[PDB]
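The file entry.txt contains compact mmCIF, N, CA and C atoms:
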# COMPACT_ATOMS: atom_id res chain seq x y z
N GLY X 1 -27.97 20.13 6.99
CA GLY X 1 -27.89 20.16 5.51
C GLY X 1 -26.89 19.14 4.98
N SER X 2 -26.96 18.83 3.68
CA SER X 2 -26.17 17.74 3.07
C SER X 2 -24.82 18.26 2.53
N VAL X 3 -23.73 17.76 3.12
CA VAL X 3 -22.36 17.93 2.57
C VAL X 3 -22.08 16.81 1.56
N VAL X 4 -22.73 15.66 1.78
CA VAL X 4 -22.59 14.45 0.94
C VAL X 4 -22.87 14.73 -0.56
N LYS X 5 -23.74 15.73 -0.83
CA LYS X 5 -24.16 16.11 -2.18
C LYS X 5 -22.96 16.42 -3.08
N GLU X 6 -22.01 17.22 -2.56
CA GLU X 6 -20.86 17.69 -3.35
C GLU X 6 -19.91 16.53 -3.70
N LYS X 7 -19.93 15.48 -2.86
CA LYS X 7 -19.11 14.26 -3.03
C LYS X 7 -19.75 13.34 -4.08
N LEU X 8 -21.09 13.24 -4.02
CA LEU X 8 -21.89 12.38 -4.91
C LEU X 8 -21.90 12.93 -6.34
N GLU X 9 -21.82 14.26 -6.47
CA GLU X 9 -21.73 14.95 -7.78
C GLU X 9 -20.40 14.60 -8.48
N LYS X 10 -19.30 14.67 -7.71
CA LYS X 10 -17.95 14.30 -8.19
C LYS X 10 -17.88 12.79 -8.51
N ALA X 11 -18.59 12.00 -7.69
CA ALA X 11 -18.67 10.54 -7.83
C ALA X 11 -19.33 10.18 -9.15
N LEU X 12 -20.49 10.83 -9.43
CA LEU X 12 -21.26 10.66 -10.68
C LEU X 12 -20.39 10.85 -11.93
N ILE X 13 -19.57 11.91 -11.92
CA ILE X 13 -18.69 12.27 -13.04
C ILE X 13 -17.70 11.12 -13.34
N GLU X 14 -16.96 10.71 -12.30
CA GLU X 14 -15.87 9.73 -12.44
C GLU X 14 -16.38 8.30 -12.68
N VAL X 15 -17.56 7.96 -12.13
CA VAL X 15 -18.16 6.63 -12.32
C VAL X 15 -19.01 6.58 -13.60
N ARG X 16 -19.23 7.75 -14.26
CA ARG X 16 -20.08 7.82 -15.48
C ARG X 16 -19.61 6.86 -16.62
N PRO X 17 -18.27 6.79 -16.98
CA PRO X 17 -17.78 5.83 -18.01
C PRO X 17 -17.91 4.35 -17.58
N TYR X 18 -18.31 4.10 -16.32
CA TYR X 18 -18.44 2.74 -15.77
C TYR X 18 -19.92 2.35 -15.57
N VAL X 19 -20.77 3.33 -15.25
CA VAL X 19 -22.19 3.08 -14.94
C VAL X 19 -23.07 3.29 -16.17
N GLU X 20 -24.02 2.38 -16.36
CA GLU X 20 -25.12 2.55 -17.31
C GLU X 20 -26.29 3.22 -16.56
N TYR X 21 -27.23 3.85 -17.31
CA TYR X 21 -28.41 4.55 -16.74
C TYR X 21 -27.95 5.69 -15.80
N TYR X 22 -27.11 6.57 -16.34
CA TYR X 22 -26.46 7.66 -15.58
C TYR X 22 -27.49 8.64 -14.99
N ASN X 23 -28.51 9.00 -15.80
CA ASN X 23 -29.56 9.96 -15.41
C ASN X 23 -30.44 9.37 -14.30
N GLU X 24 -30.63 8.04 -14.37
CA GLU X 24 -31.43 7.27 -13.40
C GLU X 24 -30.68 7.17 -12.06
N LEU X 25 -29.35 6.96 -12.16
CA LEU X 25 -28.46 6.86 -11.00
C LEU X 25 -28.32 8.23 -10.32
N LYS X 26 -28.32 9.29 -11.14
CA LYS X 26 -28.26 10.69 -10.67
C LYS X 26 -29.54 11.05 -9.91
N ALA X 27 -30.68 10.50 -10.38
CA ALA X 27 -31.99 10.68 -9.74
C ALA X 27 -32.00 10.03 -8.35
N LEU X 28 -31.39 8.82 -8.26
CA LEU X 28 -31.21 8.10 -6.99
C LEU X 28 -30.28 8.89 -6.05
N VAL X 29 -29.22 9.48 -6.62
CA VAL X 29 -28.22 10.29 -5.89
C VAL X 29 -28.87 11.53 -5.25
N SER X 30 -29.73 12.22 -6.03
CA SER X 30 -30.43 13.42 -5.57
C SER X 30 -31.42 13.08 -4.44
N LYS X 31 -32.03 11.88 -4.54
CA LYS X 31 -32.98 11.36 -3.54
C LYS X 31 -32.24 11.05 -2.22
N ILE X 32 -31.20 10.20 -2.29
CA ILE X 32 -30.48 9.70 -1.09
C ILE X 32 -29.80 10.87 -0.35
N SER X 33 -29.26 11.84 -1.12
CA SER X 33 -28.58 13.02 -0.58
C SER X 33 -29.57 13.92 0.15
N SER X 34 -30.83 13.94 -0.32
CA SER X 34 -31.89 14.77 0.27
C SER X 34 -32.42 14.11 1.56
N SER X 35 -32.23 12.78 1.67
CA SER X 35 -32.62 12.00 2.86
C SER X 35 -31.55 12.11 3.97
N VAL X 36 -30.27 12.09 3.56
CA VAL X 36 -29.10 12.03 4.45
C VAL X 36 -28.41 13.40 4.50
N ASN X 37 -27.36 13.51 5.32
CA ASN X 37 -26.54 14.75 5.44
C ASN X 37 -25.06 14.42 5.21
N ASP X 38 -24.61 13.29 5.78
CA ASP X 38 -23.20 12.86 5.75
C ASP X 38 -23.00 11.72 4.73
N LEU X 39 -21.74 11.54 4.30
CA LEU X 39 -21.36 10.53 3.30
C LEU X 39 -21.62 9.11 3.81
N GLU X 40 -21.23 8.85 5.09
CA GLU X 40 -21.41 7.53 5.74
C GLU X 40 -22.88 7.07 5.67
N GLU X 41 -23.81 8.04 5.84
CA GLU X 41 -25.26 7.78 5.74
C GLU X 41 -25.63 7.31 4.32
N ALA X 42 -25.24 8.11 3.29
CA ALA X 42 -25.55 7.81 1.86
C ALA X 42 -24.97 6.46 1.41
N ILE X 43 -23.81 6.12 1.99
CA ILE X 43 -23.12 4.83 1.78
C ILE X 43 -24.02 3.67 2.24
N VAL X 44 -24.57 3.78 3.47
CA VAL X 44 -25.47 2.76 4.06
C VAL X 44 -26.75 2.61 3.20
N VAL X 45 -27.21 3.74 2.61
CA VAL X 45 -28.38 3.73 1.71
C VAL X 45 -28.03 2.99 0.40
N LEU X 46 -26.83 3.23 -0.15
CA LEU X 46 -26.39 2.56 -1.40
C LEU X 46 -26.12 1.06 -1.19
N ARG X 47 -25.84 0.66 0.07
CA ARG X 47 -25.69 -0.76 0.45
C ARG X 47 -27.05 -1.47 0.38
N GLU X 48 -28.08 -0.85 0.99
CA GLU X 48 -29.44 -1.44 1.03
C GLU X 48 -30.10 -1.39 -0.37
N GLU X 49 -29.87 -0.28 -1.10
CA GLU X 49 -30.46 -0.04 -2.43
C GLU X 49 -29.93 -1.03 -3.46
N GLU X 50 -28.65 -1.38 -3.34
CA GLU X 50 -28.02 -2.39 -4.20
C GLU X 50 -28.73 -3.75 -4.04
N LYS X 51 -29.09 -4.09 -2.79
CA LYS X 51 -29.71 -5.38 -2.46
C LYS X 51 -31.16 -5.46 -2.99
N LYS X 52 -31.95 -4.40 -2.74
CA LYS X 52 -33.40 -4.38 -3.08
C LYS X 52 -33.65 -4.09 -4.57
N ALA X 53 -32.75 -3.33 -5.21
CA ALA X 53 -32.86 -3.00 -6.65
C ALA X 53 -32.14 -4.06 -7.49
N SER X 54 -32.77 -4.50 -8.58
CA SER X 54 -32.23 -5.53 -9.48
C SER X 54 -31.26 -4.90 -10.51
N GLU X 55 -30.36 -5.75 -11.03
CA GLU X 55 -29.43 -5.40 -12.13
C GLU X 55 -30.22 -5.17 -13.44
N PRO X 56 -29.73 -4.36 -14.44
CA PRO X 56 -28.37 -3.74 -14.48
C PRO X 56 -28.14 -2.57 -13.47
N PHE X 57 -29.22 -1.95 -12.97
CA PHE X 57 -29.13 -0.75 -12.10
C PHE X 57 -28.41 -1.04 -10.76
N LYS X 58 -28.60 -2.28 -10.23
CA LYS X 58 -27.90 -2.80 -9.01
C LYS X 58 -26.38 -2.59 -9.10
N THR X 59 -25.84 -2.98 -10.27
CA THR X 59 -24.41 -2.87 -10.62
C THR X 59 -23.93 -1.42 -10.50
N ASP X 60 -24.74 -0.50 -11.04
CA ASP X 60 -24.41 0.93 -11.14
C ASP X 60 -24.41 1.62 -9.76
N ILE X 61 -25.30 1.11 -8.88
CA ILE X 61 -25.42 1.57 -7.48
C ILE X 61 -24.11 1.29 -6.73
N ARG X 62 -23.61 0.05 -6.89
CA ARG X 62 -22.44 -0.44 -6.15
C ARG X 62 -21.11 0.01 -6.79
N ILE X 63 -21.14 0.44 -8.07
CA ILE X 63 -19.98 1.08 -8.72
C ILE X 63 -19.71 2.45 -8.06
N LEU X 64 -20.79 3.25 -7.89
CA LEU X 64 -20.71 4.57 -7.24
C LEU X 64 -20.37 4.40 -5.74
N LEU X 65 -21.07 3.45 -5.10
CA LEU X 65 -20.88 3.09 -3.67
C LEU X 65 -19.41 2.75 -3.37
N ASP X 66 -18.83 1.85 -4.20
CA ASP X 66 -17.44 1.37 -4.05
C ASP X 66 -16.45 2.53 -4.21
N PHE X 67 -16.84 3.54 -5.01
CA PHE X 67 -15.99 4.71 -5.30
C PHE X 67 -15.87 5.60 -4.04
N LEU X 68 -16.99 5.73 -3.30
CA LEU X 68 -17.05 6.48 -2.02
C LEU X 68 -16.20 5.76 -0.95
N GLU X 69 -16.31 4.42 -0.94
CA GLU X 69 -15.55 3.52 -0.05
C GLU X 69 -14.04 3.58 -0.34
N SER X 70 -13.72 3.73 -1.64
CA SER X 70 -12.35 3.67 -2.16
C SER X 70 -11.54 4.92 -1.76
N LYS X 71 -12.18 6.10 -1.87
CA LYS X 71 -11.56 7.38 -1.49
C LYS X 71 -11.48 7.51 0.05
N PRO X 72 -10.36 8.08 0.61
CA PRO X 72 -10.21 8.31 2.07
C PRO X 72 -11.18 9.42 2.57

Take the structure in the file and give it back as structure tokens.
Amino acid sequence: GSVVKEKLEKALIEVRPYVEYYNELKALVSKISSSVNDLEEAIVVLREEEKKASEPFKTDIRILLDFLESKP
């Protein structure tokens, strides 16, 4: 089961004043969390998703991604 979900929910809140298309990014979060179990996994997904998805949404992917990287 996914522990990463509870981290991504907190991530969404704090990155919300920085990310555009919050509901769209939350939809991506619910998808990636359902695919993965651990944070390190969801991080690798947000790395690939940033590359394949175009901006402005690309930007919002890597804002949330960088936030997971930033916290210990």

What lies within 8 Å of range 23-31 of chain X using all atoms listed in the file, ignoring chain neighbours under 6 positions off, as a ChimeraX atom specification? /X:5,8-9,12,57,60-61

Please write the residues from the selection above to a file, keeping N, CA and C atoms, as a short mmCIF file (atom, residue, chain, number, x, y, z; two decimals), in the coordinates of the input.
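out_32.cif written:
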data_model
loop_
_atom_site.label_atom_id
_atom_site.label_comp_id
_atom_site.auth_asym_id
_atom_site.auth_seq_id
_atom_site.Cartn_x
_atom_site.Cartn_y
_atom_site.Cartn_z
N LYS X 5 -23.74 15.73 -0.83
CA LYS X 5 -24.16 16.11 -2.18
C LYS X 5 -22.96 16.42 -3.08
N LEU X 8 -21.09 13.24 -4.02
CA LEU X 8 -21.89 12.38 -4.91
C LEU X 8 -21.90 12.93 -6.34
N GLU X 9 -21.82 14.26 -6.47
CA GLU X 9 -21.73 14.95 -7.78
C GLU X 9 -20.40 14.60 -8.48
N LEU X 12 -20.49 10.83 -9.43
CA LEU X 12 -21.26 10.66 -10.68
C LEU X 12 -20.39 10.85 -11.93
N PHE X 57 -29.22 -1.95 -12.97
CA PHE X 57 -29.13 -0.75 -12.10
C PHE X 57 -28.41 -1.04 -10.76
N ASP X 60 -24.74 -0.50 -11.04
CA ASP X 60 -24.41 0.93 -11.14
C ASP X 60 -24.41 1.62 -9.76
N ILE X 61 -25.30 1.11 -8.88
CA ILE X 61 -25.42 1.57 -7.48
C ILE X 61 -24.11 1.29 -6.73
#

What's the 9 Å shell around residue 56 in chain X, counting only C-alpha atoms, without same-chain residues fewer than 3 positions away, as a JSON list (two decimals) with N, CA and C atoms, in the frame of the given file?
[["chain", "number", "residue", "atom", "x", "y", "z"],
["X", 20, "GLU", "N", -24.02, 2.38, -16.36],
["X", 20, "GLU", "CA", -25.12, 2.55, -17.31],
["X", 20, "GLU", "C", -26.29, 3.22, -16.56],
["X", 21, "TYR", "N", -27.23, 3.85, -17.31],
["X", 21, "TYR", "CA", -28.41, 4.55, -16.74],
["X", 21, "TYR", "C", -27.95, 5.69, -15.80],
["X", 59, "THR", "N", -25.84, -2.98, -10.27],
["X", 59, "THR", "CA", -24.41, -2.87, -10.62],
["X", 59, "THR", "C", -23.93, -1.42, -10.50],
["X", 60, "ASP", "N", -24.74, -0.50, -11.04],
["X", 60, "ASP", "CA", -24.41, 0.93, -11.14],
["X", 60, "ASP", "C", -24.41, 1.62, -9.76]]

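Relative to atom C of residue 13 in chain X, atom C of residue 44 in chain X is found at 20.7 Å.
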
Could you pull out the alpha helix (DSSP H) residues of chain X, going by DSSP on the backbone, and write them as a PDB file with N, CA and C atoms, keeping the file's coordinate frame?
ATOM      1  N   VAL X   4     -22.730  15.660   1.780  1.00  0.00           N
ATOM      2  CA  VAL X   4     -22.590  14.450   0.940  1.00  0.00           C
ATOM      3  C   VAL X   4     -22.870  14.730  -0.560  1.00  0.00           C
ATOM      4  N   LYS X   5     -23.740  15.730  -0.830  1.00  0.00           N
ATOM      5  CA  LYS X   5     -24.160  16.110  -2.180  1.00  0.00           C
ATOM      6  C   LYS X   5     -22.960  16.420  -3.080  1.00  0.00           C
ATOM      7  N   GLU X   6     -22.010  17.220  -2.560  1.00  0.00           N
ATOM      8  CA  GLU X   6     -20.860  17.690  -3.350  1.00  0.00           C
ATOM      9  C   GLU X   6     -19.910  16.530  -3.700  1.00  0.00           C
ATOM     10  N   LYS X   7     -19.930  15.480  -2.860  1.00  0.00           N
ATOM     11  CA  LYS X   7     -19.110  14.260  -3.030  1.00  0.00           C
ATOM     12  C   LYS X   7     -19.750  13.340  -4.080  1.00  0.00           C
ATOM     13  N   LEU X   8     -21.090  13.240  -4.020  1.00  0.00           N
ATOM     14  CA  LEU X   8     -21.890  12.380  -4.910  1.00  0.00           C
ATOM     15  C   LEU X   8     -21.900  12.930  -6.340  1.00  0.00           C
ATOM     16  N   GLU X   9     -21.820  14.260  -6.470  1.00  0.00           N
ATOM     17  CA  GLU X   9     -21.730  14.950  -7.780  1.00  0.00           C
ATOM     18  C   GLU X   9     -20.400  14.600  -8.480  1.00  0.00           C
ATOM     19  N   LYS X  10     -19.300  14.670  -7.710  1.00  0.00           N
ATOM     20  CA  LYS X  10     -17.950  14.300  -8.190  1.00  0.00           C
ATOM     21  C   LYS X  10     -17.880  12.790  -8.510  1.00  0.00           C
ATOM     22  N   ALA X  11     -18.590  12.000  -7.690  1.00  0.00           N
ATOM     23  CA  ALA X  11     -18.670  10.540  -7.830  1.00  0.00           C
ATOM     24  C   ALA X  11     -19.330  10.180  -9.150  1.00  0.00           C
ATOM     25  N   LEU X  12     -20.490  10.830  -9.430  1.00  0.00           N
ATOM     26  CA  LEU X  12     -21.260  10.660 -10.680  1.00  0.00           C
ATOM     27  C   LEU X  12     -20.390  10.850 -11.930  1.00  0.00           C
ATOM     28  N   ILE X  13     -19.570  11.910 -11.920  1.00  0.00           N
ATOM     29  CA  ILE X  13     -18.690  12.270 -13.040  1.00  0.00           C
ATOM     30  C   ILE X  13     -17.700  11.120 -13.340  1.00  0.00           C
ATOM     31  N   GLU X  14     -16.960  10.710 -12.300  1.00  0.00           N
ATOM     32  CA  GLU X  14     -15.870   9.730 -12.440  1.00  0.00           C
ATOM     33  C   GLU X  14     -16.380   8.300 -12.680  1.00  0.00           C
ATOM     34  N   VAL X  15     -17.560   7.960 -12.130  1.00  0.00           N
ATOM     35  CA  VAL X  15     -18.160   6.630 -12.320  1.00  0.00           C
ATOM     36  C   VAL X  15     -19.010   6.580 -13.600  1.00  0.00           C
ATOM     37  N   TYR X  22     -27.110   6.570 -16.340  1.00  0.00           N
ATOM     38  CA  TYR X  22     -26.460   7.660 -15.580  1.00  0.00           C
ATOM     39  C   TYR X  22     -27.490   8.640 -14.990  1.00  0.00           C
ATOM     40  N   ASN X  23     -28.510   9.000 -15.800  1.00  0.00           N
ATOM     41  CA  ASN X  23     -29.560   9.960 -15.410  1.00  0.00           C
ATOM     42  C   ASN X  23     -30.440   9.370 -14.300  1.00  0.00           C
ATOM     43  N   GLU X  24     -30.630   8.040 -14.370  1.00  0.00           N
ATOM     44  CA  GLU X  24     -31.430   7.270 -13.400  1.00  0.00           C
ATOM     45  C   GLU X  24     -30.680   7.170 -12.060  1.00  0.00           C
ATOM     46  N   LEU X  25     -29.350   6.960 -12.160  1.00  0.00           N
ATOM     47  CA  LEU X  25     -28.460   6.860 -11.000  1.00  0.00           C
ATOM     48  C   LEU X  25     -28.320   8.230 -10.320  1.00  0.00           C
ATOM     49  N   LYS X  26     -28.320   9.290 -11.140  1.00  0.00           N
ATOM     50  CA  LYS X  26     -28.260  10.690 -10.670  1.00  0.00           C
ATOM     51  C   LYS X  26     -29.540  11.050  -9.910  1.00  0.00           C
ATOM     52  N   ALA X  27     -30.680  10.500 -10.380  1.00  0.00           N
ATOM     53  CA  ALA X  27     -31.990  10.680  -9.740  1.00  0.00           C
ATOM     54  C   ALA X  27     -32.000  10.030  -8.350  1.00  0.00           C
ATOM     55  N   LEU X  28     -31.390   8.820  -8.260  1.00  0.00           N
ATOM     56  CA  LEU X  28     -31.210   8.100  -6.990  1.00  0.00           C
ATOM     57  C   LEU X  28     -30.280   8.890  -6.050  1.00  0.00           C
ATOM     58  N   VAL X  29     -29.220   9.480  -6.620  1.00  0.00           N
ATOM     59  CA  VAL X  29     -28.220  10.290  -5.890  1.00  0.00           C
ATOM     60  C   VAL X  29     -28.870  11.530  -5.250  1.00  0.00           C
ATOM     61  N   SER X  30     -29.730  12.220  -6.030  1.00  0.00           N
ATOM     62  CA  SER X  30     -30.430  13.420  -5.570  1.00  0.00           C
ATOM     63  C   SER X  30     -31.420  13.080  -4.440  1.00  0.00           C
ATOM     64  N   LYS X  31     -32.030  11.880  -4.540  1.00  0.00           N
ATOM     65  CA  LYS X  31     -32.980  11.360  -3.540  1.00  0.00           C
ATOM     66  C   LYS X  31     -32.240  11.050  -2.220  1.00  0.00           C
ATOM     67  N   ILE X  32     -31.200  10.200  -2.290  1.00  0.00           N
ATOM     68  CA  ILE X  32     -30.480   9.700  -1.090  1.00  0.00           C
ATOM     69  C   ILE X  32     -29.800  10.870  -0.350  1.00  0.00           C
ATOM     70  N   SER X  33     -29.260  11.840  -1.120  1.00  0.00           N
ATOM     71  CA  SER X  33     -28.580  13.020  -0.580  1.00  0.00           C
ATOM     72  C   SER X  33     -29.570  13.920   0.150  1.00  0.00           C
ATOM     73  N   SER X  34     -30.830  13.940  -0.320  1.00  0.00           N
ATOM     74  CA  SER X  34     -31.890  14.770   0.270  1.00  0.00           C
ATOM     75  C   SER X  34     -32.420  14.110   1.560  1.00  0.00           C
ATOM     76  N   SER X  35     -32.230  12.780   1.670  1.00  0.00           N
ATOM     77  CA  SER X  35     -32.620  12.000   2.860  1.00  0.00           C
ATOM     78  C   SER X  35     -31.550  12.110   3.970  1.00  0.00           C
ATOM     79  N   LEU X  39     -21.740  11.540   4.300  1.00  0.00           N
ATOM     80  CA  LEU X  39     -21.360  10.530   3.300  1.00  0.00           C
ATOM     81  C   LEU X  39     -21.620   9.110   3.810  1.00  0.00           C
ATOM     82  N   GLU X  40     -21.230   8.850   5.090  1.00  0.00           N
ATOM     83  CA  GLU X  40     -21.410   7.530   5.740  1.00  0.00           C
ATOM     84  C   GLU X  40     -22.880   7.070   5.670  1.00  0.00           C
ATOM     85  N   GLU X  41     -23.810   8.040   5.840  1.00  0.00           N
ATOM     86  CA  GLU X  41     -25.260   7.780   5.740  1.00  0.00           C
ATOM     87  C   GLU X  41     -25.630   7.310   4.320  1.00  0.00           C
ATOM     88  N   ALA X  42     -25.240   8.110   3.290  1.00  0.00           N
ATOM     89  CA  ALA X  42     -25.550   7.810   1.860  1.00  0.00           C
ATOM     90  C   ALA X  42     -24.970   6.460   1.410  1.00  0.00           C
ATOM     91  N   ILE X  43     -23.810   6.120   1.990  1.00  0.00           N
ATOM     92  CA  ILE X  43     -23.120   4.830   1.780  1.00  0.00           C
ATOM     93  C   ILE X  43     -24.020   3.670   2.240  1.00  0.00           C
ATOM     94  N   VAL X  44     -24.570   3.780   3.470  1.00  0.00           N
ATOM     95  CA  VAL X  44     -25.470   2.760   4.060  1.00  0.00           C
ATOM     96  C   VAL X  44     -26.750   2.610   3.200  1.00  0.00           C
ATOM     97  N   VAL X  45     -27.210   3.740   2.610  1.00  0.00           N
ATOM     98  CA  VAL X  45     -28.380   3.730   1.710  1.00  0.00           C
ATOM     99  C   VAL X  45     -28.030   2.990   0.400  1.00  0.00           C
ATOM    100  N   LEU X  46     -26.830   3.230  -0.150  1.00  0.00           N
ATOM    101  CA  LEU X  46     -26.390   2.560  -1.400  1.00  0.00           C
ATOM    102  C   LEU X  46     -26.120   1.060  -1.190  1.00  0.00           C
ATOM    103  N   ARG X  47     -25.840   0.660   0.070  1.00  0.00           N
ATOM    104  CA  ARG X  47     -25.690  -0.760   0.450  1.00  0.00           C
ATOM    105  C   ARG X  47     -27.050  -1.470   0.380  1.00  0.00           C
ATOM    106  N   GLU X  48     -28.080  -0.850   0.990  1.00  0.00           N
ATOM    107  CA  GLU X  48     -29.440  -1.440   1.030  1.00  0.00           C
ATOM    108  C   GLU X  48     -30.100  -1.390  -0.370  1.00  0.00           C
ATOM    109  N   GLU X  49     -29.870  -0.280  -1.100  1.00  0.00           N
ATOM    110  CA  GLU X  49     -30.460  -0.040  -2.430  1.00  0.00           C
ATOM    111  C   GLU X  49     -29.930  -1.030  -3.460  1.00  0.00           C
ATOM    112  N   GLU X  50     -28.650  -1.380  -3.340  1.00  0.00           N
ATOM    113  CA  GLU X  50     -28.020  -2.390  -4.200  1.00  0.00           C
ATOM    114  C   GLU X  50     -28.730  -3.750  -4.040  1.00  0.00           C
ATOM    115  N   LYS X  51     -29.090  -4.090  -2.790  1.00  0.00           N
ATOM    116  CA  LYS X  51     -29.710  -5.380  -2.460  1.00  0.00           C
ATOM    117  C   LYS X  51     -31.160  -5.460  -2.990  1.00  0.00           C
ATOM    118  N   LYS X  52     -31.950  -4.400  -2.740  1.00  0.00           N
ATOM    119  CA  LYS X  52     -33.400  -4.380  -3.080  1.00  0.00           C
ATOM    120  C   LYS X  52     -33.650  -4.090  -4.570  1.00  0.00           C
ATOM    121  N   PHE X  57     -29.220  -1.950 -12.970  1.00  0.00           N
ATOM    122  CA  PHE X  57     -29.130  -0.750 -12.100  1.00  0.00           C
ATOM    123  C   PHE X  57     -28.410  -1.040 -10.760  1.00  0.00           C
ATOM    124  N   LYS X  58     -28.600  -2.280 -10.230  1.00  0.00           N
ATOM    125  CA  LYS X  58     -27.900  -2.800  -9.010  1.00  0.00           C
ATOM    126  C   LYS X  58     -26.380  -2.590  -9.100  1.00  0.00           C
ATOM    127  N   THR X  59     -25.840  -2.980 -10.270  1.00  0.00           N
ATOM    128  CA  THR X  59     -24.410  -2.870 -10.620  1.00  0.00           C
ATOM    129  C   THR X  59     -23.930  -1.420 -10.500  1.00  0.00           C
ATOM    130  N   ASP X  60     -24.740  -0.500 -11.040  1.00  0.00           N
ATOM    131  CA  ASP X  60     -24.410   0.930 -11.140  1.00  0.00           C
ATOM    132  C   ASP X  60     -24.410   1.620  -9.760  1.00  0.00           C
ATOM    133  N   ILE X  61     -25.300   1.110  -8.880  1.00  0.00           N
ATOM    134  CA  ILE X  61     -25.420   1.570  -7.480  1.00  0.00           C
ATOM    135  C   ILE X  61     -24.110   1.290  -6.730  1.00  0.00           C
ATOM    136  N   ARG X  62     -23.610   0.050  -6.890  1.00  0.00           N
ATOM    137  CA  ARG X  62     -22.440  -0.440  -6.150  1.00  0.00           C
ATOM    138  C   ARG X  62     -21.110   0.010  -6.790  1.00  0.00           C
ATOM    139  N   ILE X  63     -21.140   0.440  -8.070  1.00  0.00           N
ATOM    140  CA  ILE X  63     -19.980   1.080  -8.720  1.00  0.00           C
ATOM    141  C   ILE X  63     -19.710   2.450  -8.060  1.00  0.00           C
ATOM    142  N   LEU X  64     -20.790   3.250  -7.890  1.00  0.00           N
ATOM    143  CA  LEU X  64     -20.710   4.570  -7.240  1.00  0.00           C
ATOM    144  C   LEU X  64     -20.370   4.400  -5.740  1.00  0.00           C
ATOM    145  N   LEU X  65     -21.070   3.450  -5.100  1.00  0.00           N
ATOM    146  CA  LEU X  65     -20.880   3.090  -3.670  1.00  0.00           C
ATOM    147  C   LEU X  65     -19.410   2.750  -3.370  1.00  0.00           C
ATOM    148  N   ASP X  66     -18.830   1.850  -4.200  1.00  0.00           N
ATOM    149  CA  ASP X  66     -17.440   1.370  -4.050  1.00  0.00           C
ATOM    150  C   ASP X  66     -16.450   2.530  -4.210  1.00  0.00           C
ATOM    151  N   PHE X  67     -16.840   3.540  -5.010  1.00  0.00           N
ATOM    152  CA  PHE X  67     -15.990   4.710  -5.300  1.00  0.00           C
ATOM    153  C   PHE X  67     -15.870   5.600  -4.040  1.00  0.00           C
ATOM    154  N   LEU X  68     -16.990   5.730  -3.300  1.00  0.00           N
ATOM    155  CA  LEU X  68     -17.050   6.480  -2.020  1.00  0.00           C
ATOM    156  C   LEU X  68     -16.200   5.760  -0.950  1.00  0.00           C
ATOM    157  N   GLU X  69     -16.310   4.420  -0.940  1.00  0.00           N
ATOM    158  CA  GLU X  69     -15.550   3.520  -0.050  1.00  0.00           C
ATOM    159  C   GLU X  69     -14.040   3.580  -0.340  1.00  0.00           C
ATOM    160  N   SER X  70     -13.720   3.730  -1.640  1.00  0.00           N
ATOM    161  CA  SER X  70     -12.350   3.670  -2.160  1.00  0.00           C
ATOM    162  C   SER X  70     -11.540   4.920  -1.760  1.00  0.00           C
TER     163      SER X  70
END

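Separating atom N of residue 18 in chain X from atom N of residue 2 in chain X is a distance of 26.3 Å.
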
Among the residues X:19, X:14, X:35, X:70, the one that comes closest to residue 55 in chain X [using only C-alpha atoms]: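 The closest residue to residue 55 in chain X is X:19.
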
Just how far from CA of residue 65 in chain X is CA of residue 1 in chain X, in Å to one decimal? 20.6 Å

Tell me which protein, DNA and RNA residues are within 8 Å of residue 47 in chain X, counting all atoms listed in the file, leaving out same-chain ones fewer than 4 positions away, and put them as a PyMOL selection string. chain X and resi 41-43+51-52+61-62+65

Some atoms are missing, so please complete range 62-69 of chain X with N, CA, C and O atoms and return it as a compact mmCIF listing (two decimals), in the coordinates of the input.
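Ended up saving to result_11.txt:
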# COMPACT_ATOMS: atom_id res chain seq x y z
N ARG X 62 -23.61 0.05 -6.89
CA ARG X 62 -22.44 -0.44 -6.15
C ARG X 62 -21.11 0.01 -6.79
O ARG X 62 -20.07 -0.05 -6.13
N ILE X 63 -21.14 0.44 -8.07
CA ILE X 63 -19.98 1.08 -8.72
C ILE X 63 -19.71 2.45 -8.06
O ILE X 63 -18.57 2.76 -7.68
N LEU X 64 -20.79 3.25 -7.89
CA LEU X 64 -20.71 4.57 -7.24
C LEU X 64 -20.37 4.40 -5.74
O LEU X 64 -19.49 5.09 -5.21
N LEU X 65 -21.07 3.45 -5.10
CA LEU X 65 -20.88 3.09 -3.67
C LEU X 65 -19.41 2.75 -3.37
O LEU X 65 -18.81 3.31 -2.45
N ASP X 66 -18.83 1.85 -4.20
CA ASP X 66 -17.44 1.37 -4.05
C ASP X 66 -16.45 2.53 -4.21
O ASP X 66 -15.37 2.50 -3.63
N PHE X 67 -16.84 3.54 -5.01
CA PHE X 67 -15.99 4.71 -5.30
C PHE X 67 -15.87 5.60 -4.04
O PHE X 67 -14.80 6.14 -3.75
N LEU X 68 -16.99 5.73 -3.30
CA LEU X 68 -17.05 6.48 -2.02
C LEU X 68 -16.20 5.76 -0.95
O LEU X 68 -15.46 6.40 -0.19
N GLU X 69 -16.31 4.42 -0.94
CA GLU X 69 -15.55 3.52 -0.05
C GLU X 69 -14.04 3.58 -0.34
O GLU X 69 -13.21 3.49 0.57
